[PDB]
file protein38.cif (mmCIF, C-alpha atoms and all ligand atoms)
data_data
#
loop_
_atom_site.label_atom_id
_atom_site.label_comp_id
_atom_site.auth_asym_id
_atom_site.auth_seq_id
_atom_site.Cartn_x
_atom_site.Cartn_y
_atom_site.Cartn_z
CA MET E 1 120.05 -80.36 -54.02
CA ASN E 2 121.03 -81.68 -50.60
CA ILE E 3 123.03 -79.65 -48.06
CA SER E 4 124.46 -81.34 -44.95
CA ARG E 5 125.53 -78.35 -42.84
CA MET E 6 124.66 -74.69 -43.10
CA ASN E 7 126.09 -72.22 -40.60
CA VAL E 8 125.15 -68.54 -40.63
CA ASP E 9 126.57 -65.47 -38.92
CA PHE E 10 124.02 -62.65 -39.32
CA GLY E 11 126.54 -59.86 -38.70
CA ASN E 12 125.77 -56.15 -38.64
CA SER E 13 128.34 -55.55 -41.39
CA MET E 14 128.36 -58.83 -43.30
CA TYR E 15 126.10 -61.84 -43.56
CA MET E 16 128.54 -64.79 -43.60
CA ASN E 17 127.80 -68.42 -43.96
CA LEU E 18 129.44 -71.80 -44.48
CA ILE E 19 127.56 -74.24 -46.68
CA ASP E 20 129.05 -77.74 -46.61
CA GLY E 21 132.37 -76.05 -45.82
CA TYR E 22 131.99 -73.50 -48.59
CA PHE E 23 132.43 -69.87 -47.53
CA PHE E 24 130.88 -66.72 -48.98
CA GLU E 25 129.49 -63.49 -47.56
CA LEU E 26 127.10 -60.70 -48.55
CA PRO E 27 126.55 -57.11 -47.49
CA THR E 28 123.82 -57.03 -44.80
CA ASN E 29 121.56 -54.58 -46.67
CA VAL E 30 118.02 -55.63 -47.55
CA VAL E 31 115.82 -53.11 -49.34
CA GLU E 32 112.13 -53.81 -49.85
CA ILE E 33 110.72 -52.57 -53.12
CA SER E 34 107.34 -52.90 -54.85
CA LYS E 35 106.32 -55.32 -57.61
CA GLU E 36 106.46 -52.71 -60.36
CA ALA E 37 109.79 -51.37 -59.08
CA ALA E 38 111.26 -54.90 -59.28
CA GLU E 39 109.97 -55.17 -62.83
CA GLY E 40 112.06 -52.90 -65.05
CA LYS E 41 114.58 -52.86 -62.21
CA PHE E 42 116.83 -55.37 -63.89
CA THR E 43 117.29 -54.88 -67.65
CA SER E 44 119.82 -57.30 -69.24
CA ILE E 45 119.99 -61.11 -68.81
CA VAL E 46 122.79 -62.82 -66.86
CA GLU E 47 123.88 -66.39 -67.59
CA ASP E 48 126.87 -67.09 -65.31
CA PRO E 49 125.59 -68.10 -61.84
CA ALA E 50 128.51 -66.31 -60.18
CA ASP E 51 127.08 -63.00 -61.40
CA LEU E 52 123.96 -63.55 -59.29
CA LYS E 53 125.76 -62.69 -56.06
CA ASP E 54 125.82 -58.97 -56.87
CA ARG E 55 122.40 -59.13 -58.52
CA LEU E 56 120.11 -60.57 -55.82
CA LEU E 57 116.50 -59.72 -56.55
CA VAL E 58 114.09 -62.11 -54.89
CA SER E 59 110.50 -62.41 -53.77
CA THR E 60 109.03 -64.44 -50.96
CA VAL E 61 105.61 -64.78 -49.34
CA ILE E 62 105.30 -63.27 -45.88
CA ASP E 63 101.94 -63.45 -44.11
CA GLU E 64 100.30 -64.39 -47.41
CA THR E 65 101.79 -61.32 -49.13
CA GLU E 66 104.35 -61.72 -51.93
CA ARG E 67 107.06 -59.16 -51.20
CA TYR E 68 110.06 -58.03 -53.26
CA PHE E 69 113.59 -57.49 -51.88
CA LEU E 70 116.97 -56.27 -53.01
CA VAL E 71 119.62 -58.21 -51.08
CA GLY E 72 123.32 -57.63 -50.52
CA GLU E 73 125.39 -55.53 -52.91
CA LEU E 74 122.38 -54.91 -55.18
CA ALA E 75 120.67 -53.18 -52.23
CA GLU E 76 123.71 -50.96 -51.64
CA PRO E 77 122.96 -47.73 -53.56
CA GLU E 78 119.46 -47.49 -52.01
CA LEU E 79 120.74 -52.98 -34.54
CA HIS E 80 117.57 -54.83 -35.56
CA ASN E 81 115.88 -57.55 -33.49
CA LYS E 82 117.28 -60.61 -35.24
CA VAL E 83 114.28 -62.76 -34.31
CA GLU E 84 111.29 -60.60 -35.25
CA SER E 85 112.87 -58.82 -38.24
CA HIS E 86 112.43 -60.34 -41.71
CA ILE E 87 115.87 -59.14 -42.83
CA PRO E 88 117.90 -62.17 -41.63
CA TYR E 89 115.26 -64.55 -42.97
CA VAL E 90 115.21 -62.88 -46.42
CA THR E 91 119.02 -62.79 -46.56
CA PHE E 92 119.14 -66.53 -45.74
CA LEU E 93 116.72 -67.34 -48.59
CA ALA E 94 118.66 -65.31 -51.15
CA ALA E 95 121.96 -66.77 -49.90
CA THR E 96 120.65 -70.33 -50.23
CA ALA E 97 119.26 -69.59 -53.73
CA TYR E 98 122.62 -68.13 -54.71
CA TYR E 99 124.49 -71.23 -53.56
CA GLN E 100 121.98 -73.40 -55.43
CA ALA E 101 122.53 -71.41 -58.64
CA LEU E 102 126.31 -71.49 -58.21
CA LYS E 103 126.82 -75.16 -57.34
CA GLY E 104 123.61 -76.88 -58.49
CA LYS E 105 121.56 -77.75 -61.56
CA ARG E 106 119.48 -75.16 -63.41
CA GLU E 107 116.32 -77.33 -63.37
CA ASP E 108 116.63 -78.43 -59.71
CA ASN E 109 114.02 -76.37 -57.82
CA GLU E 110 114.43 -77.88 -54.35
CA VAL E 111 117.00 -77.64 -51.56
CA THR E 112 117.06 -79.79 -48.43
CA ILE E 113 119.24 -78.70 -45.48
CA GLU E 114 119.88 -81.39 -42.84
CA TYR E 115 121.30 -79.07 -40.20
CA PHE E 116 120.95 -75.27 -40.14
CA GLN E 117 122.77 -73.35 -37.47
CA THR E 118 122.97 -69.68 -36.59
CA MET E 119 123.33 -67.66 -33.36
CA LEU E 120 122.13 -64.56 -31.47
CA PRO E 121 124.07 -61.50 -30.21
CA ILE E 122 124.51 -61.08 -26.46
CA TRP E 123 122.94 -57.62 -26.46
CA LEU E 124 119.73 -59.21 -27.74
CA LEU E 125 119.81 -62.27 -25.41
CA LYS E 126 120.47 -60.22 -22.24
CA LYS E 127 117.14 -58.42 -22.64
CA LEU E 128 115.36 -61.64 -21.65
CA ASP E 129 115.50 -63.64 -18.39
CA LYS E 130 116.10 -66.91 -20.36
CA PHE E 131 118.53 -67.22 -23.31
CA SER E 132 117.32 -70.65 -24.37
CA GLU E 133 113.79 -69.60 -25.30
CA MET E 134 114.94 -66.75 -27.54
CA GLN E 135 117.46 -69.10 -29.17
CA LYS E 136 114.63 -71.64 -29.72
CA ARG E 137 112.41 -69.01 -31.40
CA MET E 138 115.36 -67.95 -33.59
CA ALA E 139 115.92 -71.56 -34.69
CA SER E 140 112.20 -72.03 -35.34
CA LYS E 141 112.31 -69.15 -37.81
CA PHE E 142 114.36 -71.30 -40.15
CA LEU E 143 113.06 -74.83 -39.43
CA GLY E 144 110.65 -76.24 -42.02
CA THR E 145 109.67 -75.45 -45.60
CA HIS E 146 110.16 -72.08 -47.31
CA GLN E 147 109.94 -70.74 -50.82
CA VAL E 148 111.81 -68.00 -52.58
CA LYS E 149 111.75 -66.73 -56.18
CA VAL E 150 114.87 -65.50 -57.94
CA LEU E 151 113.72 -62.73 -60.27
CA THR E 152 117.12 -62.01 -61.79
CA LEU E 153 116.66 -62.55 -65.56
CA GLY E 154 118.52 -65.67 -66.72
CA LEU E 155 118.31 -67.44 -63.33
CA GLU E 156 114.59 -67.21 -62.53
CA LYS E 157 112.88 -69.95 -60.51
CA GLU E 158 110.88 -70.57 -57.37
CA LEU E 159 113.05 -72.57 -55.00
CA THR E 160 111.56 -74.69 -52.23
CA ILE E 161 113.95 -74.86 -49.26
CA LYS E 162 113.40 -77.51 -46.56
CA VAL E 163 115.29 -77.20 -43.29
CA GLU E 164 115.12 -80.54 -41.49
CA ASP E 165 116.80 -79.52 -38.23
CA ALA E 166 117.85 -76.14 -36.85
CA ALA E 167 119.69 -74.72 -33.82
CA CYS E 168 120.71 -71.30 -32.49
CA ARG E 169 123.86 -70.73 -30.40
CA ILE E 170 125.22 -67.69 -28.53
CA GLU E 171 127.46 -65.27 -30.45
CA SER E 172 130.95 -64.66 -28.98
CA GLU E 173 130.58 -67.56 -26.54
CA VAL E 174 130.24 -70.14 -29.35
CA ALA E 175 133.55 -68.99 -30.84
CA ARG E 176 135.35 -70.85 -28.07
CA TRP E 177 134.75 -74.03 -30.06
CA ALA E 178 136.93 -72.71 -32.90
CA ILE E 179 139.74 -72.36 -30.32
CA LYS E 180 139.08 -75.69 -28.55
CA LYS E 181 138.76 -77.92 -31.62
CA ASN E 182 139.63 -78.03 -35.32
CA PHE E 183 137.07 -79.12 -37.93
CA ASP E 184 138.18 -82.75 -37.44
CA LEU E 185 137.06 -82.34 -33.80
CA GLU E 186 140.62 -82.81 -32.53
CA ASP E 187 141.65 -80.80 -29.43
CA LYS E 188 143.95 -77.96 -30.52
CA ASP E 189 147.38 -77.64 -28.95
CA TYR E 190 146.73 -73.91 -29.34
CA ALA E 191 144.02 -74.15 -26.65
CA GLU E 192 146.51 -75.49 -24.07
CA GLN E 193 147.73 -72.01 -23.20
CA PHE E 194 144.24 -71.40 -21.75
CA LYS E 195 144.14 -74.67 -19.76
CA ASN E 196 144.88 -72.89 -16.47
CA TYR E 197 143.54 -69.37 -16.96
CA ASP E 198 140.10 -67.85 -16.91
CA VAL E 199 139.77 -66.11 -20.27
CA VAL E 200 137.93 -62.96 -21.28
CA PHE E 201 136.64 -63.50 -24.84
CA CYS E 202 136.41 -60.11 -26.55
CA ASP E 203 134.22 -60.10 -29.66
CA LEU E 204 135.05 -56.65 -31.06
CA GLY E 205 132.65 -55.67 -33.83
CA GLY E 206 131.64 -52.64 -35.89
CA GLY E 207 128.54 -51.88 -33.82
CA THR E 208 128.99 -53.73 -30.51
CA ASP E 209 131.70 -55.16 -28.28
CA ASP E 210 130.69 -58.40 -26.57
CA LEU E 211 132.62 -60.09 -23.78
CA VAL E 212 132.33 -63.58 -22.32
CA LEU E 213 134.09 -64.84 -19.18
CA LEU E 214 135.25 -68.44 -19.73
CA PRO E 215 136.48 -70.42 -16.70
CA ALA E 216 139.88 -72.16 -17.04
CA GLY E 217 140.05 -74.55 -19.99
CA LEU E 218 137.60 -72.56 -22.15
CA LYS E 219 134.66 -74.08 -20.26
CA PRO E 220 131.09 -72.78 -20.50
CA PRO E 221 130.29 -69.47 -18.75
CA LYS E 222 129.13 -69.98 -15.15
CA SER E 223 126.14 -67.63 -15.28
CA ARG E 224 124.34 -64.79 -17.04
CA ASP E 225 126.77 -62.31 -15.47
CA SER E 226 129.57 -63.81 -17.58
CA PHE E 227 128.00 -62.36 -20.74
CA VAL E 228 128.30 -58.62 -21.40
CA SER E 229 127.58 -56.37 -24.40
CA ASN E 230 128.78 -52.75 -24.88
CA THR E 231 127.60 -49.96 -27.21
CA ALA E 232 129.90 -46.99 -27.95
CA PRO E 233 130.68 -48.34 -31.40
CA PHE E 234 133.70 -48.49 -33.67
CA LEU E 235 131.72 -47.11 -36.62
CA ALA E 236 130.90 -43.93 -34.70
CA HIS E 237 134.61 -43.60 -33.99
CA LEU E 238 135.38 -43.86 -37.70
CA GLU E 239 132.70 -41.40 -38.81
CA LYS E 240 133.92 -38.89 -36.25
CA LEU E 241 137.43 -39.46 -37.59
CA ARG E 242 136.22 -39.04 -41.16
CA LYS E 243 134.32 -35.80 -40.57
CA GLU E 244 137.14 -34.31 -38.50
CA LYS E 245 140.36 -35.37 -40.21
CA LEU E 246 139.64 -37.05 -43.56
CA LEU E 247 136.65 -35.31 -45.22
CA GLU E 248 138.81 -34.90 -48.34
CA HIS E 249 139.34 -38.62 -48.75
CA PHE E 250 136.03 -40.28 -47.80
CA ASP E 251 132.38 -39.32 -48.36
CA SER E 252 131.08 -42.16 -46.24
CA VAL E 253 132.17 -44.14 -43.21
CA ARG E 254 131.80 -47.32 -45.26
CA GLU E 255 134.54 -46.13 -47.62
CA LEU E 256 136.89 -45.34 -44.72
CA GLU E 257 136.05 -48.68 -43.10
CA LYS E 258 136.85 -50.51 -46.37
CA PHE E 259 140.13 -48.65 -46.92
CA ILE E 260 141.22 -49.48 -43.34
CA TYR E 261 140.77 -53.28 -43.31
CA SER E 262 142.02 -53.44 -46.91
CA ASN E 263 145.14 -51.47 -45.90
CA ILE E 264 145.82 -52.09 -42.22
CA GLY E 265 148.68 -54.55 -41.96
CA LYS E 266 150.99 -52.92 -44.47
CA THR E 267 153.57 -50.24 -43.69
CA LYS E 268 151.98 -47.54 -45.83
CA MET E 269 148.25 -46.86 -45.88
CA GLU E 270 147.90 -45.13 -49.24
CA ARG E 271 144.76 -43.63 -50.77
CA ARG E 272 144.61 -43.81 -54.59
CA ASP E 273 142.43 -41.40 -56.61
CA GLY E 274 141.07 -43.38 -59.59
CA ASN E 275 141.17 -40.50 -62.10
CA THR E 276 144.78 -39.34 -61.89
CA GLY E 277 146.37 -41.94 -59.62
CA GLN E 278 147.71 -39.36 -57.15
CA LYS E 279 149.03 -40.44 -53.73
CA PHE E 280 148.07 -39.61 -50.14
CA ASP E 281 149.81 -41.31 -47.22
CA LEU E 282 147.14 -41.55 -44.53
CA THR E 283 149.08 -43.97 -42.29
CA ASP E 284 149.90 -41.71 -39.33
CA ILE E 285 146.37 -40.34 -39.05
CA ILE E 286 144.83 -43.77 -39.07
CA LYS E 287 147.13 -45.79 -36.76
CA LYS E 288 146.87 -42.92 -34.27
CA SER E 289 143.07 -43.00 -34.35
CA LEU E 290 143.03 -46.79 -34.08
CA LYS E 291 145.36 -46.67 -31.08
CA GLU E 292 142.99 -44.26 -29.31
CA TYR E 293 140.06 -46.61 -29.91
CA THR E 294 142.09 -49.65 -28.82
CA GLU E 295 143.01 -47.90 -25.55
CA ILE E 296 139.28 -47.53 -24.90
CA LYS E 297 138.75 -51.24 -25.75
CA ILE E 298 141.54 -52.60 -23.55
CA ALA E 299 140.27 -50.51 -20.63
CA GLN E 300 136.68 -51.67 -21.18
CA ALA E 301 137.71 -55.33 -21.22
CA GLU E 302 139.90 -54.90 -18.16
CA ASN E 303 137.02 -53.25 -16.27
CA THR E 304 134.21 -55.48 -17.51
CA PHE E 305 135.25 -58.46 -15.45
CA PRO E 306 137.17 -57.17 -12.41
CA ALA E 307 140.02 -59.69 -12.16
CA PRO E 308 140.64 -60.40 -8.46
CA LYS E 309 144.20 -59.69 -7.39
CA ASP E 310 144.81 -63.40 -6.78
CA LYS E 311 143.88 -64.28 -10.35
CA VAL E 312 145.52 -63.83 -13.71
CA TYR E 313 143.11 -63.49 -16.61
CA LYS E 314 144.04 -63.93 -20.25
CA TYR E 315 142.37 -62.01 -23.06
CA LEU E 316 141.41 -63.39 -26.44
CA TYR E 317 140.42 -60.68 -28.95
CA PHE E 318 138.42 -61.38 -32.11
CA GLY E 319 135.67 -60.06 -34.38
CA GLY E 320 136.37 -58.00 -37.51
CA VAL E 321 137.48 -54.97 -35.54
CA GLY E 322 139.78 -57.16 -33.42
CA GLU E 323 141.50 -58.22 -36.64
CA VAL E 324 142.00 -54.57 -37.63
CA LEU E 325 143.18 -53.57 -34.16
CA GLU E 326 145.67 -56.43 -33.86
CA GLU E 327 148.77 -54.26 -34.17
CA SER E 328 147.24 -51.60 -31.90
CA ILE E 329 146.41 -54.17 -29.27
CA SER E 330 150.00 -55.39 -29.19
CA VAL E 331 151.32 -51.82 -28.77
CA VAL E 332 148.78 -50.70 -26.19
CA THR E 333 148.97 -53.81 -23.99
CA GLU E 334 152.75 -53.61 -23.99
CA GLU E 335 152.65 -49.96 -22.84
CA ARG E 336 150.09 -50.77 -20.19
CA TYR E 337 151.23 -54.11 -18.76
CA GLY E 338 154.77 -54.62 -20.05
CA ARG E 339 155.98 -56.87 -22.86
CA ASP E 340 155.78 -60.20 -21.01
CA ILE E 341 152.11 -59.88 -20.05
CA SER E 342 151.27 -58.40 -23.46
CA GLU E 343 152.58 -61.40 -25.40
CA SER E 344 151.34 -64.25 -23.18
CA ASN E 345 148.08 -62.75 -21.86
CA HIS E 346 146.68 -60.60 -24.66
CA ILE E 347 146.05 -62.82 -27.68
CA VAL E 348 144.44 -61.81 -30.97
CA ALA E 349 142.77 -64.83 -32.58
CA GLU E 350 143.81 -65.88 -36.06
CA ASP E 351 140.62 -65.91 -38.17
CA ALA E 352 139.34 -63.30 -35.73
CA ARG E 353 136.63 -62.08 -38.11
CA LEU E 354 135.39 -65.64 -38.77
CA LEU E 355 135.80 -67.17 -35.29
CA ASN E 356 132.07 -67.21 -34.38
CA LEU E 357 131.21 -68.85 -37.75
CA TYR E 358 134.04 -71.33 -37.28
CA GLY E 359 132.70 -72.17 -33.84
CA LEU E 360 129.38 -72.99 -35.46
CA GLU E 361 131.22 -75.08 -38.05
CA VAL E 362 132.92 -77.15 -35.31
CA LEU E 363 129.58 -77.71 -33.58
CA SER E 364 127.94 -78.78 -36.84
CA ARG E 365 130.67 -81.40 -37.48
CA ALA E 366 130.25 -82.79 -33.97
CA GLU E 367 126.52 -82.89 -34.51
CA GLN E 368 127.00 -84.63 -37.87
CA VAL E 369 129.25 -87.26 -36.25
CA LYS E 370 126.68 -87.75 -33.50
CA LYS E 371 123.98 -88.30 -36.09
CA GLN E 372 125.87 -90.97 -38.03
CA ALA E 373 126.83 -92.66 -34.76
CA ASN E 374 123.17 -92.75 -33.75
CA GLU E 375 121.96 -94.07 -37.12
CA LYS E 376 124.35 -97.04 -37.29
CA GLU E 377 123.51 -98.10 -33.72
CA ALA E 378 119.96 -98.11 -35.09
CA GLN E 379 120.62 -101.68 -36.27
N1 LIG S 401 137.92 -58.74 -45.07
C1 LIG S 401 137.01 -57.95 -44.43
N2 LIG S 401 135.80 -57.67 -44.95
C2 LIG S 401 134.92 -56.87 -44.30
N3 LIG S 401 135.15 -56.30 -43.09
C3 LIG S 401 136.34 -56.51 -42.46
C4 LIG S 401 137.34 -57.37 -43.12
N4 LIG S 401 138.42 -57.43 -42.31
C5 LIG S 401 138.14 -56.69 -41.22
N5 LIG S 401 136.91 -56.13 -41.31
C6 LIG S 401 136.34 -55.27 -40.24
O1 LIG S 401 135.30 -55.99 -39.59
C7 LIG S 401 134.36 -55.05 -39.07
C8 LIG S 401 133.03 -55.75 -38.91
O2 LIG S 401 133.21 -56.56 -37.75
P1 LIG S 401 132.22 -57.75 -37.37
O3 LIG S 401 132.99 -58.72 -36.48
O4 LIG S 401 131.55 -58.25 -38.63
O5 LIG S 401 131.19 -56.90 -36.45
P2 LIG S 401 129.70 -56.41 -36.88
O6 LIG S 401 129.00 -57.70 -37.26
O7 LIG S 401 129.17 -55.69 -35.65
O8 LIG S 401 129.95 -55.43 -38.01
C9 LIG S 401 134.35 -53.91 -40.07
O9 LIG S 401 134.22 -52.65 -39.40
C10 LIG S 401 135.70 -53.98 -40.75
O10 LIG S 401 136.48 -52.87 -40.31
MG MG S 402 129.82 -60.54 -35.01
#

call {"tool": "encode", "arguments": {"input": "protein38.cif", "output": "structure tokens"}}
result
Amino acid sequence: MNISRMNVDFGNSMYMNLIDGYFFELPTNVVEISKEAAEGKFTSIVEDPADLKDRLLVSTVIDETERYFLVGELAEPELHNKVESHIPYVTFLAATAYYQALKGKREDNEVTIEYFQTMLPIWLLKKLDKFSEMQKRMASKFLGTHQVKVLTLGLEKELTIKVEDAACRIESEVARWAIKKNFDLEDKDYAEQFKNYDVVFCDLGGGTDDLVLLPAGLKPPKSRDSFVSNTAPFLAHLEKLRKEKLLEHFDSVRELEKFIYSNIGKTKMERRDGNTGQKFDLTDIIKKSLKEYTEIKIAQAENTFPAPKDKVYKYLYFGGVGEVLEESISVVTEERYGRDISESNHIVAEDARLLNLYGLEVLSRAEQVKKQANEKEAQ
């Protein structure tokens, strides 16, 4: 099987990837188990490749040792350095094997990837004096030939995966390409509102909040000071909310997190007991808590890059939390700056959760065009 473009967002909450324009995502969990635990782990055969996604049991050889991993939703009932940790690498292998099983032939045991692309979080890059070298090591982790075994009964095989070319971009910053261009590499009219304003890109996530200062026209950051990461996370805010106000309704922060993004955006946020179908309106409690958090976010962003009083900044909010907070952001910015500045200067991205990934996708299409241009000039 041949893959032209593969773009990966190793999130803290979800692994997400686009493979030749095809989207799917997996829970980030990777649990390492022993050989005997993996045997007699999985009991009944599966035949439909789609079922593999929730049943990812793989092995791969690491430092000449064959090790066994539960990946994604199968790892569920059981901030890492993205470069030196095996977790992203193992997730990538399982993801690729899943896509092969879903879209490819049973007897095809080989996958070639022309162009692999991922990225690194700002909090990790800022620890080093040079971003480029860490990004190069990240890319090198995926370049070349790898093998993985699928041990899920019914879909067993050892897959050889060959990555011909690989690159690593900067999270949050790279998302600007999803605003600048569409996948046909046309300039977006949507980006014109940022033609004359420096923009603070606010990547609001579950575990970090990363901000990039983009000079007018969504141009590259001027220096290292234009990249900032914060850690007083959204998940801690939810788990404090759960233990204080909602202990009755959620036994884990993951449950509360799932209920919120599933239910934010409608007028009533209703919790549904499965046994008796009884109803609990949790709307007031939740929007109130989200507004609190948003007030902290707006203030952080405002204070992160001290806008000089002869400059007007605009703010573009994204990430999965940005998506959830969209309503809250509109309310809070209107209270704080007035309606006019709220609407024109505080923008929540559409596809906020997927913007980084989409930025990779745009770069991979430009790269793909560049390649074909180069190869035809080669005569
Ligand atoms: N459809 C969705 N699936 C999963 N999470 C979502 C979804 N929509 C919004 N979210 C929110 O996205 C957050 C994860 O944000 P993300 O940008 O992935 O940051 P991180 O990678 O740090 O978790 C979750 O806390 C969740 O509340
Ligand atoms: Mg992210």

call {"tool": "closest_residue", "arguments": {"input": "protein38.cif", "among": "E:378, E:113, E:299, E:236", "to": "ligand LIG 401 (chain S)", "atoms": "only C-alpha atoms and all ligand atoms"}}
result
E:236

call {"tool": "closest_atom_pairs", "arguments": {"input": "protein38.cif", "of": "chain E", "to": "ligand MG 402 (chain S)", "cutoff": "6 Å", "atoms": "all atoms listed in the file", "output": "CSV"}}
result
residue,atom,partner,partner_atom,distance
E:11,CA,S:MG402,MG,5.0
E:205,CA,S:MG402,MG,5.8
E:319,CA,S:MG402,MG,5.9

call {"tool": "closest_residue", "arguments": {"input": "protein38.cif", "among": "E:27, E:220, E:21, E:320", "to": "ligand LIG 401 (chain S)", "atoms": "all atoms listed in the file"}}
result
E:320

call {"tool": "residues_near_ligand", "arguments": {"input": "protein38.cif", "ligand": "ligand LIG 401 (chain S)", "cutoff": "7 Å", "atoms": "only C-alpha atoms and all ligand atoms", "output": "list in words"}}
result
residues 11, 12, 13, 14, 204, 205, 206, 207, 208, 235, 257, 258, 260, 261, 262, 319, 320, 321, 323, 324 and 353 of chain E

call {"tool": "axis_aligned_box", "arguments": {"input": "protein38.cif", "around": "segment 48-66 of chain E", "padding_each_side": "3 Å", "output": "lines of an AutoDock Vina configuration file"}}
result
center_x = 114.4
center_y = -63.5
center_z = -54.7
size_x = 34.2
size_y = 15.1
size_z = 27.2

call {"tool": "closest_residue", "arguments": {"input": "protein38.cif", "among": "E:217, E:306, E:265, E:274", "to": "residue 286 of chain E", "atoms": "all atoms listed in the file"}}
result
E:265

call {"tool": "residues_around", "arguments": {"input": "protein38.cif", "residues": "residue 282 of chain E", "least_positions_apart": "4", "cutoff": "8 Å", "atoms": "all atoms listed in the file", "output": "count of residues only"}}
result
5

call {"tool": "residues_around", "arguments": {"input": "protein38.cif", "residues": "residue 180 of chain E", "least_positions_apart": "4", "cutoff": "8 Å", "atoms": "all atoms listed in the file", "output": "list in words"}}
result
residues 176, 187, 188, 190, 191 and 218 of chain E

call {"tool": "closest_residue", "arguments": {"input": "protein38.cif", "among": "E:175, E:211, E:246, E:167", "to": "residue 280 of chain E", "atoms": "only C-alpha atoms"}}
result
E:246

call {"tool": "closest_residue", "arguments": {"input": "protein38.cif", "among": "E:124, E:347, E:30, E:360", "to": "residue 193 of chain E", "atoms": "all atoms listed in the file"}}
result
E:347

call {"tool": "residues_around", "arguments": {"input": "protein38.cif", "residues": "residue 75 of chain E", "least_positions_apart": "2", "cutoff": "6 Å", "atoms": "all atoms listed in the file", "output": "ChimeraX atom specification"}}
result
/E:29-31,70-73,78

call {"tool": "residues_around", "arguments": {"input": "protein38.cif", "residues": "segment 313-318 of chain E", "least_positions_apart": "4", "cutoff": "6 Å", "atoms": "only C-alpha atoms", "output": "PyMOL selection string"}}
result
chain E and resi 197-204+322+345-349+352

call {"tool": "write_last_selection", "arguments": {"input": "protein38.cif", "atoms": "C-alpha atoms", "output": "compact mmCIF listing (two decimals), keeping the file's coordinate frame"}}
result
# COMPACT_ATOMS: atom_id res chain seq x y z
CA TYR E 197 143.54 -69.37 -16.96
CA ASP E 198 140.10 -67.85 -16.91
CA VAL E 199 139.77 -66.11 -20.27
CA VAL E 200 137.93 -62.96 -21.28
CA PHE E 201 136.64 -63.50 -24.84
CA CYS E 202 136.41 -60.11 -26.55
CA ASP E 203 134.22 -60.10 -29.66
CA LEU E 204 135.05 -56.65 -31.06
CA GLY E 322 139.78 -57.16 -33.42
CA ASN E 345 148.08 -62.75 -21.86
CA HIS E 346 146.68 -60.60 -24.66
CA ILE E 347 146.05 -62.82 -27.68
CA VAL E 348 144.44 -61.81 -30.97
CA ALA E 349 142.77 -64.83 -32.58
CA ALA E 352 139.34 -63.30 -35.73

call {"tool": "residues_around", "arguments": {"input": "protein38.cif", "residues": "segment 130-134 of chain E", "least_positions_apart": "3", "cutoff": "12 Å", "atoms": "all atoms listed in the file", "output": "mmCIF file with C-alpha atoms, in the frame of the given file"}}
result
data_model
loop_
_atom_site.group_PDB
_atom_site.id
_atom_site.type_symbol
_atom_site.label_atom_id
_atom_site.label_comp_id
_atom_site.auth_asym_id
_atom_site.auth_seq_id
_atom_site.Cartn_x
_atom_site.Cartn_y
_atom_site.Cartn_z
ATOM 1 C CA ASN E 81 115.880 -57.550 -33.490
ATOM 2 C CA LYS E 82 117.280 -60.610 -35.240
ATOM 3 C CA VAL E 83 114.280 -62.760 -34.310
ATOM 4 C CA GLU E 84 111.290 -60.600 -35.250
ATOM 5 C CA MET E 119 123.330 -67.660 -33.360
ATOM 6 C CA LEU E 120 122.130 -64.560 -31.470
ATOM 7 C CA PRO E 121 124.070 -61.500 -30.210
ATOM 8 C CA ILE E 122 124.510 -61.080 -26.460
ATOM 9 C CA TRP E 123 122.940 -57.620 -26.460
ATOM 10 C CA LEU E 124 119.730 -59.210 -27.740
ATOM 11 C CA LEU E 125 119.810 -62.270 -25.410
ATOM 12 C CA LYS E 126 120.470 -60.220 -22.240
ATOM 13 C CA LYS E 127 117.140 -58.420 -22.640
ATOM 14 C CA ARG E 137 112.410 -69.010 -31.400
ATOM 15 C CA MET E 138 115.360 -67.950 -33.590
ATOM 16 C CA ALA E 139 115.920 -71.560 -34.690
ATOM 17 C CA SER E 140 112.200 -72.030 -35.340
ATOM 18 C CA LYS E 141 112.310 -69.150 -37.810
ATOM 19 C CA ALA E 167 119.690 -74.720 -33.820
ATOM 20 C CA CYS E 168 120.710 -71.300 -32.490
ATOM 21 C CA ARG E 169 123.860 -70.730 -30.400
ATOM 22 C CA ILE E 170 125.220 -67.690 -28.530
ATOM 23 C CA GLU E 171 127.460 -65.270 -30.450
ATOM 24 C CA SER E 223 126.140 -67.630 -15.280
ATOM 25 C CA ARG E 224 124.340 -64.790 -17.040
ATOM 26 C CA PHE E 227 128.000 -62.360 -20.740
#

call {"tool": "residues_near_point", "arguments": {"input": "protein38.cif", "point": "(127.9, -65.6, -46.3)", "cutoff": "12 Å", "atoms": "only C-alpha atoms", "output": "JSON, numbers by chain"}}
result
{"E": [6, 7, 8, 9, 10, 11, 13, 14, 15, 16, 17, 18, 19, 21, 22, 23, 24, 25, 26, 27, 28, 53, 72, 88, 91, 92, 93, 94, 95, 96, 98, 99, 118, 354, 357]}

call {"tool": "closest_residue", "arguments": {"input": "protein38.cif", "among": "E:112, E:379, E:230, E:85", "to": "residue 303 of chain E", "atoms": "all atoms listed in the file"}}
result
E:230

call {"tool": "decode", "arguments": {"input": "protein38.cif", "residues": "segment 363-372 of chain E", "atoms": "C-alpha atoms", "output": "mmCIF file, in the first residue's frame"}}
result
data_model
loop_
_atom_site.group_PDB
_atom_site.id
_atom_site.type_symbol
_atom_site.label_atom_id
_atom_site.label_comp_id
_atom_site.auth_asym_id
_atom_site.auth_seq_id
_atom_site.Cartn_x
_atom_site.Cartn_y
_atom_site.Cartn_z
ATOM 1 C CA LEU E 363 1.883 22.248 4.163
ATOM 2 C CA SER E 364 1.830 18.665 2.885
ATOM 3 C CA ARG E 365 -0.161 19.680 -0.225
ATOM 4 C CA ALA E 366 2.285 22.494 -0.957
ATOM 5 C CA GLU E 367 5.134 20.061 -0.504
ATOM 6 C CA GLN E 368 3.419 17.537 -2.798
ATOM 7 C CA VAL E 369 2.973 20.222 -5.487
ATOM 8 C CA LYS E 370 6.620 21.212 -5.097
ATOM 9 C CA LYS E 371 7.674 17.607 -5.579
ATOM 10 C CA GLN E 372 5.722 17.082 -8.803
#
